[PDB]
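First up is the structure itself, then whatever we jot down about it.
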Amino acid sequence: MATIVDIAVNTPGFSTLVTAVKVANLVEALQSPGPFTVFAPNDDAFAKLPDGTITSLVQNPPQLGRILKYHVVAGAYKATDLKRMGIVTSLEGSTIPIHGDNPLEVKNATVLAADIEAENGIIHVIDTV
């Protein structure tokens with residue numbers, strides 16, 4: 001009935017997870033019905049998560065809202081699109097510079113596998129959050 005994110009404003013006092021996007025102002029951002037590009041952190045990148053990257057990333061601009069649910073950005077981009085631009089923009093509007101010597105490269109991370117057609121867009125594995 002309702003869009004995943006929309007429900008966050010609809011929730012009768014749900015977990016802070018719904019408010020984290022609401023506060024991050026991504027309640028209107030995640031609403032994108034189109035495609036979804038997820039930068040997927042590997043097991044060693046998931047190891048960057050524990051009070052590390054996302055902690056500084058929360059101190060950073062609205063990107064929190066992206067982090068919470070799917071760590072995703074709307075707009076199905078394959079590695080070739082990101083690198084062509086040399087930068088990537090979050091659903092919120094946060095840009096991250098793309099590199100690429102041989103694999104795709106995102107911020108301080110390296111892409112293990114991208115061009116992965118996700119549910120709505122694309123997934124892209126990085127070794128570093």
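Labels used: A, B, ... for chains in the order of the structure tokens, numbers from 1 for residues in each chain, and numbers from 1 for ligands as shown.
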
Quick one: which range 40-96 of chain A residues come within 7 Å of range 120-127 of chain A, and what is the nearest atom pair for each with the distance in Å to one decimal, counting only C-alpha atoms, rows ordered by chain and ascending number, as a Markdown table?
```
| residue | atom | partner | partner_atom | distance |
| --- | --- | --- | --- | --- |
| A:40 | CA | A:125 | CA | 4.3 |
| A:41 | CA | A:126 | CA | 4.8 |
| A:42 | CA | A:127 | CA | 5.4 |
| A:44 | CA | A:127 | CA | 6.0 |
| A:45 | CA | A:127 | CA | 4.8 |
| A:75 | CA | A:121 | CA | 6.8 |
| A:76 | CA | A:121 | CA | 4.1 |
| A:77 | CA | A:122 | CA | 6.2 |
| A:78 | CA | A:122 | CA | 6.4 |
```

key: Within 8 Å of range 93-104 of chain A using only C-alpha atoms, minus same-chain residues under 2 positions, as a VMD selection string   = chain A and resid 61 to 63 79 82 to 83 85 to 91 106 to 107 110 to 112 114

Take the residues that were just selected and, keeping N, CA, C and O atoms, output them as an mmCIF file, in the first residue's frame.
```
data_model
loop_
_atom_site.group_PDB
_atom_site.id
_atom_site.type_symbol
_atom_site.label_atom_id
_atom_site.label_comp_id
_atom_site.auth_asym_id
_atom_site.auth_seq_id
_atom_site.Cartn_x
_atom_site.Cartn_y
_atom_site.Cartn_z
ATOM 1 N N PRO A 61 26.936 15.032 6.220
ATOM 2 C CA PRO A 61 25.624 15.319 5.600
ATOM 3 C C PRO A 61 24.606 14.145 5.619
ATOM 4 O O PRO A 61 24.948 13.011 5.957
ATOM 5 N N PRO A 62 23.327 14.453 5.258
ATOM 6 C CA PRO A 62 22.134 13.554 5.345
ATOM 7 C C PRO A 62 22.306 12.072 4.955
ATOM 8 O O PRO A 62 21.376 11.285 5.152
ATOM 9 N N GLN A 63 23.449 11.703 4.389
ATOM 10 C CA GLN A 63 23.745 10.327 3.958
ATOM 11 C C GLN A 63 23.302 9.245 4.956
ATOM 12 O O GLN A 63 23.131 8.086 4.566
ATOM 13 N N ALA A 79 28.837 0.035 -13.202
ATOM 14 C CA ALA A 79 30.182 0.539 -12.887
ATOM 15 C C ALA A 79 30.678 1.539 -13.930
ATOM 16 O O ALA A 79 31.386 2.498 -13.611
ATOM 17 N N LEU A 82 29.143 5.219 -13.281
ATOM 18 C CA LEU A 82 29.822 5.837 -12.160
ATOM 19 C C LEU A 82 31.215 6.328 -12.536
ATOM 20 O O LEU A 82 31.568 7.477 -12.283
ATOM 21 N N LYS A 83 31.995 5.452 -13.144
ATOM 22 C CA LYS A 83 33.367 5.773 -13.508
ATOM 23 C C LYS A 83 33.427 6.814 -14.618
ATOM 24 O O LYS A 83 34.318 7.665 -14.628
ATOM 25 N N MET A 85 31.506 9.217 -14.997
ATOM 26 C CA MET A 85 31.325 10.483 -14.303
ATOM 27 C C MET A 85 32.499 10.769 -13.385
ATOM 28 O O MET A 85 32.900 11.917 -13.205
ATOM 29 N N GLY A 86 33.035 9.710 -12.800
ATOM 30 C CA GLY A 86 34.148 9.853 -11.881
ATOM 31 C C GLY A 86 33.694 10.260 -10.497
ATOM 32 O O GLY A 86 34.500 10.642 -9.651
ATOM 33 N N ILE A 87 32.396 10.177 -10.277
ATOM 34 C CA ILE A 87 31.785 10.545 -9.026
ATOM 35 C C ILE A 87 30.388 9.941 -8.967
ATOM 36 O O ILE A 87 29.800 9.608 -9.998
ATOM 37 N N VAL A 88 29.886 9.779 -7.769
ATOM 38 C CA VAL A 88 28.568 9.218 -7.539
ATOM 39 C C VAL A 88 27.793 10.079 -6.563
ATOM 40 O O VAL A 88 28.360 10.583 -5.604
ATOM 41 N N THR A 89 26.511 10.264 -6.802
ATOM 42 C CA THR A 89 25.713 11.089 -5.920
ATOM 43 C C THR A 89 24.684 10.256 -5.173
ATOM 44 O O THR A 89 23.993 9.427 -5.758
ATOM 45 N N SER A 90 24.608 10.486 -3.872
ATOM 46 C CA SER A 90 23.672 9.800 -3.002
ATOM 47 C C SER A 90 22.240 10.230 -3.296
ATOM 48 O O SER A 90 22.019 11.251 -3.946
ATOM 49 N N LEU A 91 21.278 9.451 -2.813
ATOM 50 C CA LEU A 91 19.872 9.803 -2.911
ATOM 51 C C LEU A 91 19.631 11.173 -2.298
ATOM 52 O O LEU A 91 18.744 11.918 -2.716
ATOM 53 N N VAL A 106 35.514 3.376 -5.415
ATOM 54 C CA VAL A 106 34.568 4.287 -4.812
ATOM 55 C C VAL A 106 35.098 4.776 -3.469
ATOM 56 O O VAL A 106 35.404 3.961 -2.607
ATOM 57 N N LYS A 107 35.230 6.104 -3.318
ATOM 58 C CA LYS A 107 35.828 6.723 -2.124
ATOM 59 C C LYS A 107 37.135 6.023 -1.731
ATOM 60 O O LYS A 107 38.052 5.928 -2.546
ATOM 61 N N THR A 110 37.298 -0.250 -2.863
ATOM 62 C CA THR A 110 37.586 -0.837 -4.143
ATOM 63 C C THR A 110 36.475 -1.807 -4.472
ATOM 64 O O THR A 110 35.994 -2.528 -3.596
ATOM 65 N N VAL A 111 36.041 -1.798 -5.706
ATOM 66 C CA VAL A 111 34.927 -2.620 -6.113
ATOM 67 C C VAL A 111 35.374 -4.019 -6.505
ATOM 68 O O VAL A 111 36.275 -4.195 -7.328
ATOM 69 N N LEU A 112 34.743 -5.004 -5.887
ATOM 70 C CA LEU A 112 35.022 -6.395 -6.161
ATOM 71 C C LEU A 112 34.130 -6.881 -7.282
ATOM 72 O O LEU A 112 34.549 -7.668 -8.129
ATOM 73 N N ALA A 114 30.649 -5.307 -9.594
ATOM 74 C CA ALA A 114 29.576 -4.394 -9.888
ATOM 75 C C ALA A 114 28.935 -4.768 -11.204
ATOM 76 O O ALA A 114 29.272 -5.802 -11.778
#
```

message = Please extract the residues of chain A with a backbone DSSP assignment of helix (DSSP H, G or I) and present them as a ChimeraX atom specification.
response = /A:6-10,16-23,53-59,64-69,79-85

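Between CA of residue 35 in chain A and CA of residue 2 in chain A there is a distance of 17.1 Å.
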
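Comparing the minimum interatomic distances between residue 49 in chain A and each of A:21, A:31, A:81, A:71, counting only C-alpha atoms, we find that A:71 sits nearest.
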
task = Could you pull out the residues in chain A that DSSP calls strand (DSSP E) from the backbone, as number ranges by chain?
result = A: 36-41, 72-74, 87-89, 95-99, 105-106, 109-117, 122-126

Written file, previous selection with C-alpha atoms, as a PDB file, in the first residue's frame:
```pdb
ATOM      1  CA  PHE A  36      18.073   1.474  -6.858  1.00  0.00           C
ATOM      2  CA  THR A  37      21.866   1.260  -6.777  1.00  0.00           C
ATOM      3  CA  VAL A  38      23.359  -0.385  -3.706  1.00  0.00           C
ATOM      4  CA  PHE A  39      27.058  -0.188  -2.910  1.00  0.00           C
ATOM      5  CA  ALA A  40      27.495  -3.533  -1.212  1.00  0.00           C
ATOM      6  CA  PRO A  41      30.264  -3.776   1.415  1.00  0.00           C
ATOM      7  CA  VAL A  72      21.299   2.634  -1.435  1.00  0.00           C
ATOM      8  CA  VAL A  73      21.063   5.401  -4.022  1.00  0.00           C
ATOM      9  CA  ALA A  74      18.207   5.664  -6.528  1.00  0.00           C
ATOM     10  CA  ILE A  87      31.785  10.545  -9.026  1.00  0.00           C
ATOM     11  CA  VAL A  88      28.568   9.218  -7.539  1.00  0.00           C
ATOM     12  CA  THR A  89      25.713  11.089  -5.920  1.00  0.00           C
ATOM     13  CA  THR A  95      28.782  13.007  -4.076  1.00  0.00           C
ATOM     14  CA  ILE A  96      31.593  10.462  -3.716  1.00  0.00           C
ATOM     15  CA  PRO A  97      34.515  10.419  -6.206  1.00  0.00           C
ATOM     16  CA  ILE A  98      34.895   7.374  -8.383  1.00  0.00           C
ATOM     17  CA  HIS A  99      38.276   5.964  -9.290  1.00  0.00           C
ATOM     18  CA  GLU A 105      36.817   2.394  -7.153  1.00  0.00           C
ATOM     19  CA  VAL A 106      34.568   4.287  -4.812  1.00  0.00           C
ATOM     20  CA  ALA A 109      36.970   1.512  -1.246  1.00  0.00           C
ATOM     21  CA  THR A 110      37.586  -0.837  -4.143  1.00  0.00           C
ATOM     22  CA  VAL A 111      34.927  -2.620  -6.113  1.00  0.00           C
ATOM     23  CA  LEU A 112      35.022  -6.395  -6.161  1.00  0.00           C
ATOM     24  CA  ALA A 113      31.916  -6.848  -8.249  1.00  0.00           C
ATOM     25  CA  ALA A 114      29.576  -4.394  -9.888  1.00  0.00           C
ATOM     26  CA  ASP A 115      27.171  -4.256 -12.818  1.00  0.00           C
ATOM     27  CA  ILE A 116      25.085  -6.475 -10.599  1.00  0.00           C
ATOM     28  CA  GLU A 117      21.482  -6.062 -11.622  1.00  0.00           C
ATOM     29  CA  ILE A 122      22.389  -2.353  -9.390  1.00  0.00           C
ATOM     30  CA  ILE A 123      24.543  -3.744  -6.589  1.00  0.00           C
ATOM     31  CA  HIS A 124      28.259  -3.124  -6.257  1.00  0.00           C
ATOM     32  CA  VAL A 125      30.583  -4.846  -3.880  1.00  0.00           C
ATOM     33  CA  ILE A 126      33.294  -2.856  -2.141  1.00  0.00           C
TER      34      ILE A 126
END
```

task = Considering only C-alpha atoms, return as a list in words whatever protein or nucleic-acid residues lie within 9 Å of residue 22 in chain A, sequence-local ones (same chain, fewer than 3 positions apart) excluded.
result = residues 5, 8, 9, 17, 18, 19, 25, 26, 27, 28 and 65 of chain A

Dump of C-alpha atoms for the selected residues, as a PDB file, in the first residue's frame:
```pdb
ATOM      1  CA  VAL A   5      10.050   5.046   3.386  1.00  0.00           C
ATOM      2  CA  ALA A   8       8.343   5.979   8.274  1.00  0.00           C
ATOM      3  CA  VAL A   9       6.213   9.126   8.616  1.00  0.00           C
ATOM      4  CA  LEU A  17      15.243   3.383  12.231  1.00  0.00           C
ATOM      5  CA  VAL A  18      12.204   5.178  10.775  1.00  0.00           C
ATOM      6  CA  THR A  19      13.162   8.416  12.419  1.00  0.00           C
ATOM      7  CA  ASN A  25      15.550  14.303   5.639  1.00  0.00           C
ATOM      8  CA  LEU A  26      15.742  11.285   3.318  1.00  0.00           C
ATOM      9  CA  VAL A  27      12.092  10.479   3.937  1.00  0.00           C
ATOM     10  CA  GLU A  28      11.381  12.290   0.694  1.00  0.00           C
ATOM     11  CA  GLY A  65      19.142   8.153   5.693  1.00  0.00           C
TER      12      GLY A  65
END
```

ask   = Looking at only C-alpha atoms, which of A:128, A:3, A:11, A:53 is the one that sits closest to residue 34 in chain A?
value = A:3

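When only C-alpha atoms are used to measure the gap to residue 66 in chain A, the shortest distance among A:80, A:24, A:13, A:47 belongs to A:24.
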
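The shortest atom-to-atom distance to residue 33 in chain A, with only C-alpha atoms taken into account, belongs to A:4 out of A:4, A:64, A:54, A:118.
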